[PDB]
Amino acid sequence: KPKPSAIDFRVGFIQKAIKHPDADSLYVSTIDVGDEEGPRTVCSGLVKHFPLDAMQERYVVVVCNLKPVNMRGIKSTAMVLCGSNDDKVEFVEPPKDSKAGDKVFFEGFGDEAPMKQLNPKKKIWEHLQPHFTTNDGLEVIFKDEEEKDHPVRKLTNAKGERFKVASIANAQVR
């Protein structure tokens, strides 16, 4: 069974973001995710949603173990987690005093190491993503319809804190 523990979620810090020189819809962010190898290069379709100043020196949640993607000629090695509806896109916001590299995980799905790289053929991310959302309190949650005893798991960290969006309840988080 696909489970959120397979996914490597972390807090990232966007050191710098620039326009993708060959793709108007994309920013290229340099994001510290606590790798011993330096920051990662991440391409995000956020240009129509946020200006450059909103990108700089921002703490984000990043998915870190998907296979890298060629995004208009630039290798993107992580993905910034956002909650969206039909009209609007919002960053998932780490809690106060988060640090780059902080492990982020859903309740009950934290005590196992993520896969080094997700097997694309298993589509773990794709199977799980319809169930990542936000509650009315704007906290990111995972809905586990099978587990009758624990149908909702909150996104959290080692301090048992919460990860929120600015305004969208029932958001599409991915």
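Start at 1 and count along the sequence shown; that's the residue number.
- Between 44-52 and 139-147, it is 139-147 that carries the larger average Cα temperature factor according to the deposited entry.
- Looking at 126-134 and 31-39 together, the entry lists the larger mean B-factor for 31-39, computed on C-alpha atoms.
- When all modelled residues of the chain are sorted by CA temperature factor, residue 74 is found within the middle third.
- Among the modelled residues of its chain, residue 95 has a C-alpha B-factor that falls in the middle third, as given in the PDB entry.
- Ranked against the other modelled residues of its chain, the C-alpha B-factor of residue 64 as given in the entry falls in the middle third.
- In this PDB entry, the Cα temperature factor of residue 158 sits in the top third of its chain's modelled residues, the highest group.
- When all modelled residues of the chain are sorted by CA temperature factor, residue 23 is found within the middle third.
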